[PDB]
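Undergrad: For reference, this is model.pdb, and it has PDB, C-alpha atoms and all ligand atoms.
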ATOM      1  CA  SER H   1       0.000   0.000   0.000
ATOM      2  CA  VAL H   2       2.778   2.414   0.939
ATOM      3  CA  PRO H   3       4.889   3.611  -2.047
ATOM      4  CA  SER H   4       8.105   1.671  -2.558
ATOM      5  CA  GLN H   5      11.296   3.360  -1.434
ATOM      6  CA  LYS H   6      13.727   0.679  -2.661
ATOM      7  CA  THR H   7      16.727   2.109  -4.488
ATOM      8  CA  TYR H   8      17.047   1.061  -8.134
ATOM      9  CA  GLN H   9      19.671   2.390 -10.554
ATOM     10  CA  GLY H  10      18.038   0.678 -13.511
ATOM     11  CA  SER H  11      19.037   0.747 -17.169
ATOM     12  CA  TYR H  12      20.316   4.329 -17.047
ATOM     13  CA  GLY H  13      22.440   4.073 -13.899
ATOM     14  CA  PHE H  14      20.292   6.628 -12.069
ATOM     15  CA  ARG H  15      21.412   8.052  -8.755
ATOM     16  CA  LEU H  16      21.185  11.291  -6.815
ATOM     17  CA  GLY H  17      23.873  13.728  -5.828
ATOM     18  CA  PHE H  18      23.873  16.902  -3.760
ATOM     19  CA  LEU H  19      26.016  20.024  -3.653
ATOM     20  CA  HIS H  20      28.914  19.825  -1.189
ATOM     21  CA  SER H  21      27.660  22.941   0.594
ATOM     22  CA  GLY H  22      29.261  22.761   4.030
ATOM     23  CA  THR H  23      27.535  23.875   7.225
ATOM     24  CA  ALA H  24      28.132  27.616   7.629
ATOM     25  CA  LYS H  25      25.436  29.761   9.292
ATOM     26  CA  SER H  26      24.370  31.123   5.909
ATOM     27  CA  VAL H  27      23.808  27.938   3.882
ATOM     28  CA  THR H  28      20.172  27.485   3.003
ATOM     29  CA  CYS H  29      20.552  23.879   1.970
ATOM     30  CA  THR H  30      23.058  21.239   3.121
ATOM     31  CA  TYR H  31      23.233  17.454   2.627
ATOM     32  CA  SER H  32      24.837  14.946   5.009
ATOM     33  CA  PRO H  33      26.329  11.880   3.282
ATOM     34  CA  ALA H  34      26.606  10.013   6.632
ATOM     35  CA  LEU H  35      22.913  10.464   7.416
ATOM     36  CA  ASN H  36      21.662  10.500   3.788
ATOM     37  CA  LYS H  37      19.712  13.488   4.970
ATOM     38  CA  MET H  38      19.020  16.932   3.560
ATOM     39  CA  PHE H  39      18.721  19.932   5.867
ATOM     40  CA  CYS H  40      17.079  22.954   4.286
ATOM     41  CA  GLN H  41      15.116  26.145   4.863
ATOM     42  CA  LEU H  42      11.415  26.711   4.187
ATOM     43  CA  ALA H  43      10.722  28.000   0.643
ATOM     44  CA  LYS H  44      14.425  28.199  -0.289
ATOM     45  CA  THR H  45      16.062  26.568  -3.311
ATOM     46  CA  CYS H  46      17.025  22.938  -2.666
ATOM     47  CA  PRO H  47      19.120  21.576  -5.506
ATOM     48  CA  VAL H  48      18.916  17.848  -6.121
ATOM     49  CA  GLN H  49      21.197  16.465  -8.830
ATOM     50  CA  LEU H  50      20.256  13.572 -11.080
ATOM     51  CA  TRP H  51      23.179  11.464 -12.251
ATOM     52  CA  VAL H  52      22.918   8.928 -15.067
ATOM     53  CA  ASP H  53      25.406   6.679 -16.882
ATOM     54  CA  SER H  54      23.466   6.922 -20.119
ATOM     55  CA  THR H  55      20.905   9.448 -21.362
ATOM     56  CA  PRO H  56      17.135   8.755 -21.015
ATOM     57  CA  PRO H  57      14.926   9.681 -24.013
ATOM     58  CA  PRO H  58      13.087  13.009 -24.170
ATOM     59  CA  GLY H  59       9.686  12.271 -22.641
ATOM     60  CA  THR H  60      11.282  10.887 -19.491
ATOM     61  CA  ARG H  61       9.914  12.435 -16.309
ATOM     62  CA  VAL H  62      11.187  12.966 -12.751
ATOM     63  CA  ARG H  63       8.810  12.578  -9.765
ATOM     64  CA  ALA H  64       9.271  13.626  -6.114
ATOM     65  CA  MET H  65       7.059  12.447  -3.245
ATOM     66  CA  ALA H  66       7.316  12.716   0.547
ATOM     67  CA  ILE H  67       6.446   9.887   2.947
ATOM     68  CA  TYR H  68       6.857   9.535   6.715
ATOM     69  CA  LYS H  69       9.984   7.597   7.655
ATOM     70  CA  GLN H  70       8.552   5.735  10.673
ATOM     71  CA  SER H  71       6.395   2.628  10.254
ATOM     72  CA  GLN H  72       3.572   3.815  12.523
ATOM     73  CA  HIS H  73       3.151   6.960  10.405
ATOM     74  CA  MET H  74       3.984   5.543   6.990
ATOM     75  CA  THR H  75       0.363   5.302   5.795
ATOM     76  CA  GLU H  76      -0.366   8.910   6.711
ATOM     77  CA  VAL H  77      -0.174  11.289   3.753
ATOM     78  CA  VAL H  78       2.482  13.974   4.105
ATOM     79  CA  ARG H  79       0.882  17.385   3.627
ATOM     80  CA  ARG H  80       1.302  20.970   4.771
ATOM     81  CA  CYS H  81       0.022  22.255   8.087
ATOM     82  CA  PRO H  82      -3.177  24.372   8.093
ATOM     83  CA  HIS H  83      -1.328  27.657   8.814
ATOM     84  CA  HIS H  84       0.777  27.162   5.688
ATOM     85  CA  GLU H  85      -1.690  25.801   3.116
ATOM     86  CA  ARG H  86      -4.308  28.446   3.843
ATOM     87  CA  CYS H  87      -1.748  31.210   3.408
ATOM     88  CA  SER H  88      -1.126  33.311   0.308
ATOM     89  CA  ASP H  89       2.135  31.642  -0.745
ATOM     90  CA  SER H  90       0.767  30.038  -3.932
ATOM     91  CA  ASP H  91       2.558  30.390  -7.259
ATOM     92  CA  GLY H  92      -0.557  29.651  -9.286
ATOM     93  CA  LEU H  93       0.713  26.202 -10.194
ATOM     94  CA  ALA H  94       1.150  24.309  -6.946
ATOM     95  CA  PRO H  95      -1.836  23.084  -4.957
ATOM     96  CA  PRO H  96      -1.791  24.776  -1.515
ATOM     97  CA  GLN H  97      -1.637  21.432   0.294
ATOM     98  CA  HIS H  98       1.509  20.110  -1.425
ATOM     99  CA  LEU H  99       4.700  19.989   0.675
ATOM    100  CA  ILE H 100       7.116  19.740  -2.242
ATOM    101  CA  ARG H 101       7.211  22.294  -5.059
ATOM    102  CA  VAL H 102       9.454  22.781  -8.048
ATOM    103  CA  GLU H 103      10.655  26.266  -8.870
ATOM    104  CA  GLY H 104      11.922  27.720 -12.116
ATOM    105  CA  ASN H 105      10.195  25.176 -14.288
ATOM    106  CA  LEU H 106       6.976  26.096 -16.045
ATOM    107  CA  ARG H 107       6.541  22.476 -17.209
ATOM    108  CA  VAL H 108       5.985  21.367 -13.610
ATOM    109  CA  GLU H 109       3.009  19.042 -13.031
ATOM    110  CA  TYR H 110       1.329  18.248  -9.708
ATOM    111  CA  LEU H 111      -0.640  15.098  -8.859
ATOM    112  CA  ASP H 112      -3.125  14.151  -6.160
ATOM    113  CA  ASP H 113      -3.331  10.386  -6.505
ATOM    114  CA  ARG H 114      -6.946   9.409  -7.152
ATOM    115  CA  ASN H 115      -6.434   6.230  -5.092
ATOM    116  CA  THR H 116      -3.808   6.926  -2.411
ATOM    117  CA  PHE H 117      -4.452  10.666  -2.069
ATOM    118  CA  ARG H 118      -0.675  11.136  -1.945
ATOM    119  CA  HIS H 119       0.946  14.262  -3.353
ATOM    120  CA  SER H 120       3.732  14.411  -5.897
ATOM    121  CA  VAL H 121       5.448  16.845  -8.268
ATOM    122  CA  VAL H 122       6.803  15.840 -11.707
ATOM    123  CA  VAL H 123       9.076  17.681 -14.161
ATOM    124  CA  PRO H 124      10.427  16.725 -17.612
ATOM    125  CA  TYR H 125      13.883  15.128 -17.465
ATOM    126  CA  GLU H 126      16.440  17.301 -19.261
ATOM    127  CA  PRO H 127      20.138  16.430 -19.950
ATOM    128  CA  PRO H 128      22.981  18.154 -17.994
ATOM    129  CA  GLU H 129      23.624  21.865 -18.512
ATOM    130  CA  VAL H 130      26.768  22.944 -20.375
ATOM    131  CA  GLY H 131      29.753  22.506 -18.080
ATOM    132  CA  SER H 132      27.962  20.102 -15.748
ATOM    133  CA  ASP H 133      27.787  16.310 -15.303
ATOM    134  CA  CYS H 134      24.341  16.179 -13.736
ATOM    135  CA  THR H 135      20.863  17.597 -13.988
ATOM    136  CA  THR H 136      19.743  19.879 -11.208
ATOM    137  CA  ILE H 137      16.168  20.282 -10.036
ATOM    138  CA  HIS H 138      15.358  23.068  -7.603
ATOM    139  CA  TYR H 139      12.876  21.785  -5.010
ATOM    140  CA  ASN H 140      11.011  23.924  -2.430
ATOM    141  CA  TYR H 141       9.742  22.519   0.870
ATOM    142  CA  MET H 142       6.791  24.592   1.953
ATOM    143  CA  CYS H 143       6.432  23.568   5.591
ATOM    144  CA  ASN H 144       8.850  23.383   8.529
ATOM    145  CA  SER H 145       9.508  19.984  10.090
ATOM    146  CA  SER H 146       8.566  21.671  13.367
ATOM    147  CA  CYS H 147       5.160  22.842  12.073
ATOM    148  CA  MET H 148       2.459  21.706  14.482
ATOM    149  CA  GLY H 149      -0.403  20.213  12.482
ATOM    150  CA  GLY H 150       1.851  19.204   9.605
ATOM    151  CA  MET H 151       4.859  16.936  10.034
ATOM    152  CA  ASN H 152       5.277  17.992  13.697
ATOM    153  CA  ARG H 153       8.959  16.990  13.933
ATOM    154  CA  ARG H 154       8.239  13.566  12.387
ATOM    155  CA  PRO H 155      10.980  12.575   9.938
ATOM    156  CA  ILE H 156      10.155  12.234   6.246
ATOM    157  CA  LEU H 157      11.756  10.696   3.160
ATOM    158  CA  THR H 158      11.663  12.235  -0.275
ATOM    159  CA  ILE H 159      11.501   9.547  -2.939
ATOM    160  CA  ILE H 160      12.720  10.553  -6.388
ATOM    161  CA  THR H 161      11.560   8.382  -9.282
ATOM    162  CA  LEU H 162      12.626   8.395 -12.929
ATOM    163  CA  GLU H 163       9.762   7.443 -15.309
ATOM    164  CA  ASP H 164       9.344   7.140 -19.050
ATOM    165  CA  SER H 165       6.610   9.044 -20.876
ATOM    166  CA  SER H 166       4.274   6.098 -20.488
ATOM    167  CA  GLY H 167       4.804   6.000 -16.752
ATOM    168  CA  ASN H 168       7.111   2.980 -16.739
ATOM    169  CA  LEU H 169       9.501   3.076 -13.787
ATOM    170  CA  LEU H 170      13.191   3.487 -14.806
ATOM    171  CA  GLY H 171      14.913   4.142 -11.461
ATOM    172  CA  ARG H 172      14.427   5.213  -7.819
ATOM    173  CA  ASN H 173      16.333   6.797  -4.939
ATOM    174  CA  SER H 174      15.509   8.596  -1.739
ATOM    175  CA  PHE H 175      16.821  10.806   1.013
ATOM    176  CA  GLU H 176      15.650  12.036   4.395
ATOM    177  CA  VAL H 177      14.826  15.726   4.802
ATOM    178  CA  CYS H 178      14.701  18.203   7.624
ATOM    179  CA  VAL H 179      13.109  21.588   6.971
ATOM    180  CA  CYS H 180      14.439  24.004   9.613
ATOM    181  CA  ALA H 181      15.679  27.523  10.443
ATOM    182  CA  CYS H 182      19.396  26.704  10.673
ATOM    183  CA  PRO H 183      20.288  23.805   8.297
ATOM    184  CA  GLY H 184      24.009  24.222   9.015
ATOM    185  CA  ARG H 185      23.855  24.023  12.799
ATOM    186  CA  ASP H 186      21.253  21.246  12.627
ATOM    187  CA  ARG H 187      23.309  19.038  10.344
ATOM    188  CA  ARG H 188      26.305  19.440  12.651
ATOM    189  CA  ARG H 189      24.171  18.584  15.661
ATOM    190  CA  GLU H 190      22.666  15.432  14.139
ATOM    191  CA  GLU H 191      26.057  14.087  13.043
ATOM    192  CA  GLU H 192      27.376  14.412  16.620
ATOM    193  CA  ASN H 193      26.022  10.887  17.209
TER
HETATM  194 ZN    ZN R   1       3.710  24.510   8.144
END
Please rewrite the model in this file as structure tokens.
TA:
Amino acid sequence: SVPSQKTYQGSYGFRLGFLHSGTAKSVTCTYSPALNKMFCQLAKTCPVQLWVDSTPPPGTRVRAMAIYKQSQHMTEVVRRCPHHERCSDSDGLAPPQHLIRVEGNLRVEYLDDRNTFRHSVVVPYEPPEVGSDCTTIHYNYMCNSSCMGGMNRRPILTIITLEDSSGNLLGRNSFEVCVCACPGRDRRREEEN
């Protein structure tokens, strides 16, 4: 019933990478390789890189979806808290309830699953930019992890899926995410164990 989170590289050798951003006070987004966990700020650019060994055809799509990490909460749909959804932060594309947005891509598509009610955001796959070995997507997380009513400090996974134009699954990967005021300090803190 719960969406699969099993890693699969598949035919194209698909995996994720992240900027090596460090943990200074001013970083807005920082990834910990030890924890496989992203720490980022509400509404700020969160670059996720897509790495492939061979190029997928045009038509290929890239989906992102959040699920709760813990088993007791896994079947609960991850959505925004009431204070955040019912606030004028819309971009005219994203449904107000969706945690994950994509910025700087007018081909963005949002889905409420007709059967699971789960939210996801999908953008066209595009090959790497000139002078770059990966494809970057800028995600936005629109709720703090601390938001009472929403996640309420409960840890979440973001699952990134590569799909062909006909919806066939090509590859999958995932990472944990914390949305917080001081990503840098918080990453340092959580690695201390
Ligand atoms: Zn919130």
Undergrad: Give me the residues within 8 Å of residue 38 in chain H as a list in words, counting only C-alpha atoms and dropping any in the same chain fewer than 4 places off.
TA: residues 29, 30, 31, 32, 175, 176, 177 and 178 of chain H
Undergrad: Counting all atoms listed in the file, what are the residues of range 50-91 of chain H within 10 Å of range 147-165 of chain H, and for each of them which pair of atoms is the nearest and at what distance in Å, to one decimal? Sort the table by chain and rising number, as a tab-separated table.
TA:
residue	atom	partner	partner_atom	distance
H:50	CA	H:160	CA	9.4
H:56	CA	H:164	CA	8.2
H:57	CA	H:164	CA	7.9
H:58	CA	H:165	CA	8.3
H:59	CA	H:165	CA	4.8
H:60	CA	H:164	CA	4.2
H:61	CA	H:163	CA	5.1
H:62	CA	H:162	CA	4.8
H:63	CA	H:161	CA	5.0
H:64	CA	H:160	CA	4.6
H:65	CA	H:159	CA	5.3
H:66	CA	H:158	CA	4.5
H:67	CA	H:157	CA	5.4
H:68	CA	H:156	CA	4.3
H:69	CA	H:156	CA	4.8
H:70	CA	H:155	CA	7.3
H:73	CA	H:154	CA	8.6
H:74	CA	H:156	CA	9.1
H:77	CA	H:151	CA	9.8
H:78	CA	H:151	CA	7.0
H:79	CA	H:150	CA	6.3
H:80	CA	H:150	CA	5.2
H:81	CA	H:150	CA	3.9
H:82	CA	H:149	CA	6.7
H:83	CA	H:149	CA	8.4
H:84	CA	H:147	CA	8.9
H:85	CA	H:150	CA	9.9
Undergrad: Just give me the gap between CA of residue 37 in chain H and CA of residue 187 in chain H in Å, one decimal is fine.
TA: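 If I compute the distance from CA of residue 37 in chain H to CA of residue 187 in chain H, I get 8.5 Å.
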Undergrad: Identify the residues around (8.9, 19.2, -3.6) within a radius of 8 Å, measuring from only C-alpha atoms in the coordinates stated by the file, and give them as a PyMOL selection string.
TA: chain H and resi 64-66+98-102+120-121+139-141
Undergrad: Name the closest residue to ligand ZN 1 (chain R) among the candidates H:55, H:180, H:134, H:94; distances are taken between atoms, counting only C-alpha atoms and all ligand atoms.
TA: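 Among the listed residues, H:180 lies closest to ligand ZN 1 (chain R).
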Undergrad: Kindly extract all protein, DNA and RNA residues lying within 12 Å of the coordinates (25.2, 4.5, -17.0) given in the file, considering all atoms listed in the file, and supply them as JSON, numbers by chain.
TA: {"H": [9, 10, 11, 12, 13, 14, 15, 50, 51, 52, 53, 54, 55, 56, 171]}
Undergrad: Grab the CA of residue 103 in chain H to CA of residue 46 in chain H distance for me, in Å with one decimal place.
TA: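 That distance, rounded to one decimal, is 9.5 Å.
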Undergrad: Using 8 Å of padding on each side, determine the axis-aligned box around all atoms of range 98-108 of chain H present in the file and give its centre and edge lengths in Å to one decimal, as JSON.
TA:
{"center_x": 6.7, "center_y": 23.7, "center_z": -8.3, "size_x": 26.4, "size_y": 24.0, "size_z": 33.9}
